[PDB]
Amino acid sequence: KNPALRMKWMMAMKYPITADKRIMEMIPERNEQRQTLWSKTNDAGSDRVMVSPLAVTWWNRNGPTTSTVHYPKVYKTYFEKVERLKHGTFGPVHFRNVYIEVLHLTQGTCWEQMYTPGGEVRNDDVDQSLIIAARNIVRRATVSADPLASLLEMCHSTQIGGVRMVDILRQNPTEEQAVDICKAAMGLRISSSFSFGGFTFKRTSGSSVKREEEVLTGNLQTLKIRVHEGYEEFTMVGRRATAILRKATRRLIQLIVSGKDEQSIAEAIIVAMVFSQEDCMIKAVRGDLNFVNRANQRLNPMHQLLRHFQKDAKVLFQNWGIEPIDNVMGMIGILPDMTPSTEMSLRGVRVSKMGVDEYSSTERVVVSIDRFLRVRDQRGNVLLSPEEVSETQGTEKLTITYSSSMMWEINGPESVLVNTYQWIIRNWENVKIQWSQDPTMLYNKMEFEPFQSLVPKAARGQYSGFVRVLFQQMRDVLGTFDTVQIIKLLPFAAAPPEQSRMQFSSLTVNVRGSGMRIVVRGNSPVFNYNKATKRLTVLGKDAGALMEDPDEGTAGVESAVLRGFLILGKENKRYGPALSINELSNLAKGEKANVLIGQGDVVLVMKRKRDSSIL
Amino acid sequence: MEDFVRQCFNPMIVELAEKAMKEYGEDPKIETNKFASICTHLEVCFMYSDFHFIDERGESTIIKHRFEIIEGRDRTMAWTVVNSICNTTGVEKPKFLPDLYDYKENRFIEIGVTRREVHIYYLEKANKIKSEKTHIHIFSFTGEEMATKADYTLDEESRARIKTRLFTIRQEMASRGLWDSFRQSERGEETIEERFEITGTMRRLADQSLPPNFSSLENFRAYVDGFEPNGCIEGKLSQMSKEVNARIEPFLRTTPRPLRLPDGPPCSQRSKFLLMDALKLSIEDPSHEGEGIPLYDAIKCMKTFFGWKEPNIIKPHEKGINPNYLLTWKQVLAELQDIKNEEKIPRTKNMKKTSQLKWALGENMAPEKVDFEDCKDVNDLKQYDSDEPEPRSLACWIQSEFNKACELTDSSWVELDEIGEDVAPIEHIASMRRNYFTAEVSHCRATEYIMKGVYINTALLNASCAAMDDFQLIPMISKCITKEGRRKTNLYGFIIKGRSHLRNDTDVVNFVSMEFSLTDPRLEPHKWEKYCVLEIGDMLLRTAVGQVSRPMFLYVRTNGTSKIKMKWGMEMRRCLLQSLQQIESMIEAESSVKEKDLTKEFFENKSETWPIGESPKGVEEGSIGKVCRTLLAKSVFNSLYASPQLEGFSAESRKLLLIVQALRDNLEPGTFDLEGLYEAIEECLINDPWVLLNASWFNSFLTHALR
Amino acid sequence: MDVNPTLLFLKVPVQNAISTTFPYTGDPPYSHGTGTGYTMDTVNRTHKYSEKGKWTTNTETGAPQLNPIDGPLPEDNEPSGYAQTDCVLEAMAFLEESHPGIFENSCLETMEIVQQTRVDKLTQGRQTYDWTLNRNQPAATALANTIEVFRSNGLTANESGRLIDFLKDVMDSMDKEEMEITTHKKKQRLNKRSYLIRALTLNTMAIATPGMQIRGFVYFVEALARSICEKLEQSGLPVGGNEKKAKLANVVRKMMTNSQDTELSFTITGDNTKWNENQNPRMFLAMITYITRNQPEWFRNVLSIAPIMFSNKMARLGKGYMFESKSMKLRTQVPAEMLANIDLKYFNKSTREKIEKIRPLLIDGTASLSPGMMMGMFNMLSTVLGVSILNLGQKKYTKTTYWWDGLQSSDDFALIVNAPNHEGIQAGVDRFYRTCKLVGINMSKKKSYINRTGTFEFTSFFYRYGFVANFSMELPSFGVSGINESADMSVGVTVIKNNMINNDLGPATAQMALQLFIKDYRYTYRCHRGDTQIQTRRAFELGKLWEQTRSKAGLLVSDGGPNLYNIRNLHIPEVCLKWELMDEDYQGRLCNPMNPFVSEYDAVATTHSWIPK
């Protein structure tokens, strides 16, 4: 309490700072504006003079510079924190309830949020960038109108680190679920092994045939499955869990899995159980399974069962049964409570130390692509799909750009604004023609969907109505075109407008919580236009360049600033003194005034005699 | 010296050492050698318990950690871990806190490092601690190592590594030229016999501090030392009175009754400013010369009105000075005109001392100071009137006050700065919740009240602490942003503070506040008892039959505020945080049962109905928006009406709510003393209107839920 | 149609919306509960609950004393301060039996800290009574004055710097017949009785603050009590938030799941309001002597000095009273030193009755209060007693079909009782009530309720079907601490982070706290973002910086740059958070060691860190 008020009041005076006397003979006696940067008074009880924080800012902005040495080496503690945070990743958050400085994120009131910090380890820049880009593209395309064509458009309309991603895809042998799905959609060759349950399944012995079986679940729900009959030998490959599995006709006989931690081993074991197509787990199904992705589209029953088991499997472990175990070198058991045991283990699931690892394969196959990106090989088994794509997201060692129409809402609201205006400026000719001819379709363009999110819901229909009326006036008046205004104001009209009487002098866009304001007339921090250089700046980030179209009024009048009114340029003292925007509601048709639009400039305006209508 | 330890030792070990010494309350700056000693001890313990694991068969494998650290944690965690280990393995409970625990050997090991010879340290440690089945690991910087029974759990490689670490550390101290101090600081902690004798006064006091039937402390010590329980509790309970018992009253649905409300004259407004009846003289967009200064803004806002009349009193202050309020209002207007006549107007203008100003403030009505010796012989000299205020009946105007406080305004009252981007999904959920709530409540009247109070209180405090002996004038300004997006500046009235020579935080400054309004105070005069009402103009308002003229009233009232109350009113922004916390807690409570982030369907769904009111046809629901606005309004009302009565009633009624809840879930509840709880709750319903309305809400909820 | 927030509970279970019922969530502005009449009523009630206790006259302070221990057993449900020594000792013995060695380990692990603490440890703490000046004073200045006076009086052993040495110095000074106080030159001679009464004072602006001669002994006894509690499971101290949340769930799981389906379980939540009336320092001394059985005598004396001294505690009486005459419009104030002999016509009926009750105790303007305790000095010992009472509820001790357990933290208590039938539950609750009454533990029947197991609360940790709703903390100040730009930023961001970690602060609420933080910081230091249109003198040069920098995000918030903090990134220092983004020239200028401005919290030694004039 006391310190805050004391500092607030102390900073008020002109010279609240105390500094050594040397500053007298090192910095100018005042500023370029003649402001004094010090005072001759000496601190009580010492020889230090009194100066002002303006001197602090002067030193910060144009003070003498020195070499930055001993700083990176001395601060060895917080730098590692920065590296771990930035190079770390994240994951799905579950509402149920290295790791010594992230406590708030990992644990909360009643939810858990996974996080794996970084450091300087792991794979290279190109592979990680490709994996993350493919993950984002696939995840967004999951919810598109048609994932296949949309995904192709995103892949062909994006690049990685200044290099088109198609070249990397064709010249990079990196393997990943998202990358493999993108390659399959592109029609190239993908790995024979099929990514299921988050791990790569590679067959290396045995075979089976597909049969359609109807099975009654433990919850009294009948599901149709494509059960495989015949001995098969699979290897589950994963970074933190590698396993070797045998399967037979509706029977699991052996599974040896090695993982760094118990969680990965448990995940691999659950994946093996679900892949085994055992009747016992069918009888162990509880509840109604309707798992869907962000697109709410129903998935195949196997994926739903896998998700249900991943949610929890405590009620299933004890149902398998009890069998004996033999003590062997490099052999570990699996208790029902998920704990290794020397004397006992869970049925048909063992744990080894080294496991099956090391050598990989370089085999590729020709595959076909179905409606919703579900990659299926010639045999019939599902190879890949977005349902099996991991949720991990990290950082990009090199800049990655996404010019598509649905990747904009990734870099942030500022990025959304900048990219919407970039799209508007890049398509200036076509957008102008559409606005002139059939603007109704333009106002329904999906490319403006992100902007509708930034504009508050409570004040988006009224904003849209104001914009529609203003643009109708601009169209029906003629002779007063102004491209900058059109680009600035177009995106706000997307909503289904409604009639209103407000005369908006500024519209609000929510960026990073704080709401910025863009003025209908003149320049705004959100939208700046420099006519001296003819450049548009959006929040300090360039958005493109504007070229004046074959319509313009270079002699005053501007009809798209005040609804129902036409501004006639410079003010005239002869007419009625400066009015108020609210008062303008009483002027008669054709009346003129000297309204004060804003800032410190007066503009003469005449009330439109006609009336511009909208749908 | 500590710089070397900080730079060499890894951050985690130094952080653990800092926490450990903070637990014992020892400052590292004063004690330097012990800092290095503790850091080395922790380092050697961790190395002893590093890169060691136990395989699933039982054999020792080097890559379930073989060694578990017990001294690397705090006392509570270490004690819990050792208790659990002993209970599970049935091992003899250690006397002290061991440094490490070996799982393969299932035994507790202690680590010791000394500057002097190892043998003396081992001997003293064994004599002090070792009594049965205990092992100590002893090392030193001299390169000589030994342990108990010549048994080392660590292999040759680990022992050599620890020896090399100690040797390189010793070489570092030798190079730095401070190893001599390190060695000399060690002395073995000579444990000379400690004597603490109670004698003289303390012996008498101790002898006079024993239970009955005891003559001296020594007799009691001997008695307790030889004490062994034998059925004393059972005997006392058998001989205890049967009437003593905590009986459970069967709590059914019919038992509860509504709280008995007090009877008497209706309540009255006591807020620092009007809430439902405030009036604003506003400028849509301040672009005039000299912006930012509250005085110029107030002058400009005043110039927008031309309906001034000759002031006259409609509803007078019954127990107060009516004419002087009028005189001081006239003085305010004349002083403003005089300021208008000036050219070089300073930042603020102090009103000249006048009779009416002093009388309205209360300076001339303030009792003087004199010692009790010179005023004892006074016929009516009594203790301050610490008498319980008279009961006041519930009045409907507070209900309307809250109703209008919960309505939706048409301006952006609160402006908040920016933060970083959100990358984690939990960050996305948090941003979504915050943005939804903010969009909901940013247009509520509660935010208007918050900003008005903050501005008034900050200006008043700055004026009070700026000029001590000046009766300054302070406009009541509030800056907002309309829906259209124009910076509106509203002026509600004026305040004049008294003398502000403040030395204590609780010192009371007296001010006189004049507030505009358009409510006729002859409709509910009882609501207005502390105010003097003047009619200082007429306003033209547009209605379906043109511009009708209605009177413009002014409420003048003398109030007092303390610096701590000023800060409390300057920190009302926390009402938004509290209201969020409430809605977020409800979100989490409803989500946990369903086990999924439910904010998306909580806010956007617009299919939920939370009972938030009542109507003639029955109860009424609303939206999550209505819920958020109601909670924020309740928080602001609680902040403005801060009184012990409110907290008392809330605390005593929360228990009744909980018991009713338990009744709803068929938990078969019971009450030991229901009437006592009822009396405790009703003790807080005497005169306050806010608490009375809360009690009325509680009675409505009681009569509705049990149906 | 008319707002009614309470009606929310008509569909939402109350436990979910409990925050609705916390009106303040802060420090109110009135400070109701401190004065003189409150002390009068406290003393009167303390001596009333010991009505039948034996009366005696003290020999050193020359004041009466009341001893209710072993008095007649209560016959009515009203509060009783008749705590039996034998029952307390039996309860402690049973606690030791169920937890063997606990007292032994506590003693042997605390002897070192008893022999290790330095004198400066007493500097940390709350306000202290300065016998030299006879008024509440900061601990540090009180210590300085005490050492100065003792040095003047030839008691300089405390110069060794050991806390035990200073305690011995205090013992010697108290043994002296009289001492001198030199204030600045005014000399005051305090006799043996005067000094003794001063040293046993309890000032009242932890409502009560003892003097300085009793700080170290209180600290030692509280350290032992904390050490004993640590080994105790039912004890609610000194754990934090997560462990406290887990305690309720663990207790419920233990009591319910293990129980048979036939058995019925119930839970009672109770508040031990006015918890210090019925607990006497003599019973605490008895339990302390029992704890240190077969231990070195010096340690026993050091540990037993505290309750011995407190049993003769003297309570000060507020600042006084204020009288006013409306007829003559006059105001006057009278001190408490003149309250012993003064007319009772000035006061009202209740106040004059209280004065009549407390008249025969005021010694030298300071009442004598042997029985009862004062808030917030021996809380851990009270928790120890409560956990002993709880431990006396096992199936082996009860020797009955029913049984019980629960938690106690000395301010709230919860008890789960289960039995084969409803009559069994009634018998269990009644037996617990009587047993806790015998020891002097008082359960308020007007603020306690019983319901089927699953839903209850403890220390505001409301529990419903495995869900805890911790509401035991208030929101701190998110403002400028007033040191410097980097210092304030670092301390405040660390504050919000720490509150998030433990105090159970929601993420969105943390985000708004950071928002208000940025607002207040920019307003106070006048360092606004370059893009913003706000105007001030500092905005001029600041503006220049905004133009010069090639990376806006690199600039520090104090320098006008954007605030990139968020939930994910809060622990990192602000300077380190923008290290790479900062332009090379800006980095060199900012952290120049040769700057003229420079001759806990985690921050970098930038030029923004200066000492205010």
# chains A, B, ... in the order shown; residues from 1 in each chain; ligands from 1
$ interface_residues --of "chain C" --to "chain A" --cutoff "8 Å" --atoms "only C-alpha atoms" --output "ChimeraX atom specification"
/C:479-483,497,500-501,504,506,524-525,531-532,538,541-542,544-545,548,559,567-569,571-573,576-577,585-592,596-599,607-608,610-613
$ select_by_dssp --residues "stretch 155-353 of chain B" --states "strand (DSSP E or B)" --output "count of residues only"
12
$ interface_residues --of "chain B" --to "chain A" --cutoff "7 Å" --atoms "only C-alpha atoms" --output "PyMOL selection string"
chain B and resi 11+56-57+287+416-419+421+424-426+435+484-486+588+592+595-597
$ write_last_selection --atoms "N, CA and C atoms" --output "PDB file, in the first residue's frame"
ATOM      1  N   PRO B  11      22.282 -24.931 -10.454  1.00  0.00           N
ATOM      2  CA  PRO B  11      21.200 -24.124  -9.863  1.00  0.00           C
ATOM      3  C   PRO B  11      20.285 -24.911  -8.941  1.00  0.00           C
ATOM      4  N   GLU B  56      14.293 -55.050 -12.211  1.00  0.00           N
ATOM      5  CA  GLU B  56      13.074 -55.724 -11.783  1.00  0.00           C
ATOM      6  C   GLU B  56      13.339 -57.059 -11.101  1.00  0.00           C
ATOM      7  N   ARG B  57      14.505 -57.667 -11.318  1.00  0.00           N
ATOM      8  CA  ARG B  57      14.847 -58.914 -10.647  1.00  0.00           C
ATOM      9  C   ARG B  57      15.428 -58.690  -9.258  1.00  0.00           C
ATOM     10  N   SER B 287     -12.099  17.416 -26.968  1.00  0.00           N
ATOM     11  CA  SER B 287     -10.996  17.803 -27.838  1.00  0.00           C
ATOM     12  C   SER B 287     -10.611  19.260 -27.605  1.00  0.00           C
ATOM     13  N   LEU B 416      -8.631  -2.377 -20.543  1.00  0.00           N
ATOM     14  CA  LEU B 416      -7.584  -3.239 -20.015  1.00  0.00           C
ATOM     15  C   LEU B 416      -6.471  -3.401 -21.041  1.00  0.00           C
ATOM     16  N   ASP B 417      -5.238  -3.491 -20.546  1.00  0.00           N
ATOM     17  CA  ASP B 417      -4.074  -3.580 -21.414  1.00  0.00           C
ATOM     18  C   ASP B 417      -3.944  -4.993 -21.981  1.00  0.00           C
ATOM     19  N   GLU B 418      -2.876  -5.217 -22.740  1.00  0.00           N
ATOM     20  CA  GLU B 418      -2.675  -6.459 -23.470  1.00  0.00           C
ATOM     21  C   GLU B 418      -1.730  -7.391 -22.717  1.00  0.00           C
ATOM     22  N   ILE B 419      -1.701  -8.644 -23.165  1.00  0.00           N
ATOM     23  CA  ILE B 419      -0.847  -9.684 -22.611  1.00  0.00           C
ATOM     24  C   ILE B 419      -0.224 -10.456 -23.769  1.00  0.00           C
ATOM     25  N   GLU B 421       0.649 -13.991 -26.110  1.00  0.00           N
ATOM     26  CA  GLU B 421      -0.174 -14.931 -26.852  1.00  0.00           C
ATOM     27  C   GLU B 421      -0.396 -16.202 -26.040  1.00  0.00           C
ATOM     28  N   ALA B 424      -0.690 -22.874 -25.070  1.00  0.00           N
ATOM     29  CA  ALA B 424      -1.213 -24.087 -24.468  1.00  0.00           C
ATOM     30  C   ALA B 424      -2.735 -24.135 -24.611  1.00  0.00           C
ATOM     31  N   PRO B 425      -3.315 -25.329 -24.768  1.00  0.00           N
ATOM     32  CA  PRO B 425      -4.784 -25.409 -24.828  1.00  0.00           C
ATOM     33  C   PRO B 425      -5.457 -24.870 -23.581  1.00  0.00           C
ATOM     34  N   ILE B 426      -4.839 -25.040 -22.411  1.00  0.00           N
ATOM     35  CA  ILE B 426      -5.401 -24.461 -21.195  1.00  0.00           C
ATOM     36  C   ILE B 426      -5.375 -22.942 -21.280  1.00  0.00           C
ATOM     37  N   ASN B 435     -12.473 -13.685 -21.979  1.00  0.00           N
ATOM     38  CA  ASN B 435     -13.044 -12.818 -23.000  1.00  0.00           C
ATOM     39  C   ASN B 435     -14.566 -12.865 -22.963  1.00  0.00           C
ATOM     40  N   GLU B 484     -20.631   3.757 -30.002  1.00  0.00           N
ATOM     41  CA  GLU B 484     -20.141   4.267 -31.277  1.00  0.00           C
ATOM     42  C   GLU B 484     -18.621   4.371 -31.280  1.00  0.00           C
ATOM     43  N   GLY B 485     -18.032   4.775 -30.158  1.00  0.00           N
ATOM     44  CA  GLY B 485     -16.587   4.805 -30.037  1.00  0.00           C
ATOM     45  C   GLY B 485     -16.019   6.188 -29.805  1.00  0.00           C
ATOM     46  N   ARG B 486     -16.782   7.047 -29.140  1.00  0.00           N
ATOM     47  CA  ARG B 486     -16.350   8.398 -28.817  1.00  0.00           C
ATOM     48  C   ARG B 486     -16.082   8.507 -27.323  1.00  0.00           C
ATOM     49  N   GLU B 588     -15.659 -24.945 -13.162  1.00  0.00           N
ATOM     50  CA  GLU B 588     -14.853 -26.107 -12.797  1.00  0.00           C
ATOM     51  C   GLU B 588     -15.680 -27.137 -12.040  1.00  0.00           C
ATOM     52  N   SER B 592     -15.940 -30.915 -13.579  1.00  0.00           N
ATOM     53  CA  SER B 592     -15.305 -32.083 -12.976  1.00  0.00           C
ATOM     54  C   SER B 592     -16.249 -33.280 -12.961  1.00  0.00           C
ATOM     55  N   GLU B 595     -16.189 -34.282 -16.441  1.00  0.00           N
ATOM     56  CA  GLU B 595     -14.830 -34.626 -16.862  1.00  0.00           C
ATOM     57  C   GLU B 595     -14.540 -34.136 -18.282  1.00  0.00           C
ATOM     58  N   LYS B 596     -14.775 -32.847 -18.513  1.00  0.00           N
ATOM     59  CA  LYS B 596     -14.468 -32.245 -19.804  1.00  0.00           C
ATOM     60  C   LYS B 596     -14.601 -30.735 -19.692  1.00  0.00           C
ATOM     61  N   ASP B 597     -13.718 -30.012 -20.382  1.00  0.00           N
ATOM     62  CA  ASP B 597     -13.813 -28.558 -20.430  1.00  0.00           C
ATOM     63  C   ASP B 597     -15.172 -28.162 -20.990  1.00  0.00           C
TER      64      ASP B 597
END
$ closest_residue --among "C:46, C:279, C:566, C:153" --to "chain B" --atoms "only C-alpha atoms"
C:566
$ closest_residue --among "C:319, C:198, C:244, C:168" --to "chain B" --atoms "only C-alpha atoms"
C:168
$ residues_around --residues "stretch 185-202 of chain A" --least-positions-apart "6" --cutoff "6 Å" --atoms "only C-alpha atoms" --output "ChimeraX atom specification"
/A:234-238,271,363-366,383-384,388
$ closest_residue --among "B:215, B:472, B:254, B:661" --to "chain C" --atoms "only C-alpha atoms"
B:661
$ closest_residue --among "C:146, C:42, C:280, C:494" --to "chain B" --atoms "only C-alpha atoms"
C:280
$ closest_residue --among "C:314, C:513, C:375, C:147" --to "chain B" --atoms "only C-alpha atoms"
C:513
$ residues_around --residues "residue B:433" --least-positions-apart "5" --cutoff "10 Å" --atoms "only C-alpha atoms" --output "JSON, numbers by chain"
{"B": [427, 428, 438, 580, 583, 584, 587, 599, 600, 602, 603], "C": [507, 508, 509]}
$ write_last_selection --atoms "N, CA and C atoms" --output "compact mmCIF listing (two decimals), in the first residue's frame"
# COMPACT_ATOMS: atom_id res chain seq x y z
N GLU B 427 -4.34 -22.38 -21.90
CA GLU B 427 -4.32 -20.94 -22.13
C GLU B 427 -5.46 -20.53 -23.05
N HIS B 428 -5.76 -21.35 -24.06
CA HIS B 428 -6.90 -21.05 -24.92
C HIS B 428 -8.20 -21.06 -24.13
N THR B 438 -15.67 -10.89 -19.88
CA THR B 438 -15.42 -9.46 -20.04
C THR B 438 -16.42 -8.84 -21.01
N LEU B 580 -15.30 -13.04 -11.64
CA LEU B 580 -14.73 -14.09 -12.47
C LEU B 580 -14.48 -15.33 -11.62
N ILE B 583 -17.52 -17.32 -11.20
CA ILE B 583 -18.08 -18.02 -12.35
C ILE B 583 -17.14 -19.13 -12.81
N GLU B 584 -15.83 -18.89 -12.73
CA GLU B 584 -14.84 -19.90 -13.07
C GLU B 584 -14.92 -21.09 -12.12
N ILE B 587 -17.81 -23.07 -13.12
CA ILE B 587 -17.46 -23.80 -14.34
C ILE B 587 -16.69 -25.07 -14.00
N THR B 599 -16.73 -25.01 -20.82
CA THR B 599 -17.00 -23.59 -21.05
C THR B 599 -17.67 -23.36 -22.40
N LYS B 600 -17.31 -24.15 -23.41
CA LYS B 600 -17.87 -23.95 -24.75
C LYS B 600 -19.39 -24.05 -24.73
N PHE B 602 -21.09 -24.00 -21.92
CA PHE B 602 -21.59 -23.17 -20.83
C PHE B 602 -21.95 -21.78 -21.32
N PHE B 603 -21.13 -21.21 -22.20
CA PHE B 603 -21.32 -19.84 -22.68
C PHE B 603 -22.09 -19.80 -24.00
N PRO C 507 -6.87 -19.66 -13.90
CA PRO C 507 -6.01 -19.11 -14.96
C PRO C 507 -6.53 -17.80 -15.51
N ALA C 508 -7.83 -17.74 -15.81
CA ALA C 508 -8.41 -16.51 -16.35
C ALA C 508 -8.29 -15.37 -15.35
N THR C 509 -8.52 -15.65 -14.07
CA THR C 509 -8.35 -14.61 -13.05
C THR C 509 -6.90 -14.15 -13.01
$ atom_distance --atom1 "atom CA of residue B:40" --atom2 "atom CA of residue B:3"
14.6 Å
$ closest_residue --among "B:676, B:525, B:72, B:90" --to "chain C" --atoms "only C-alpha atoms"
B:676
$ select_by_dssp --residues "stretch 186-244 of chain C" --states "alpha helix (DSSP H)" --output "list in words"
residues 192, 193, 194, 195, 196, 197, 198, 199, 215, 216, 217, 218, 219, 220, 221, 222, 223, 224, 225, 226, 227, 228, 229, 230, 231, 242, 243 and 244 of chain C
$ residues_around --residues "stretch 71-83 of chain C" --least-positions-apart "5" --cutoff "7 Å" --atoms "only C-alpha atoms" --output "PyMOL selection string"
(chain B and resi 240-241+243-244) or (chain C and resi 49-50+52-53+278-279+438-440+442)
$ write_last_selection --atoms "C-alpha atoms" --output "CSV table (one decimal), in the first residue's frame"
chain,number,residue,atom,x,y,z
B,240,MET,CA,-20.0,-37.5,34.1
B,241,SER,CA,-23.5,-36.0,34.1
B,243,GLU,CA,-27.6,-34.7,30.8
B,244,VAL,CA,-24.5,-33.6,28.9
C,49,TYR,CA,-16.2,-20.1,32.2
C,50,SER,CA,-13.9,-21.0,35.2
C,52,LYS,CA,-16.0,-22.9,40.0
C,53,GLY,CA,-12.2,-23.0,39.7
C,278,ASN,CA,-11.2,-23.1,28.0
C,279,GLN,CA,-7.5,-24.0,27.4
C,438,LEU,CA,-13.5,-33.7,29.5
C,439,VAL,CA,-10.2,-32.4,28.1
C,440,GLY,CA,-11.6,-28.9,27.7
C,442,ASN,CA,-15.5,-27.2,23.2
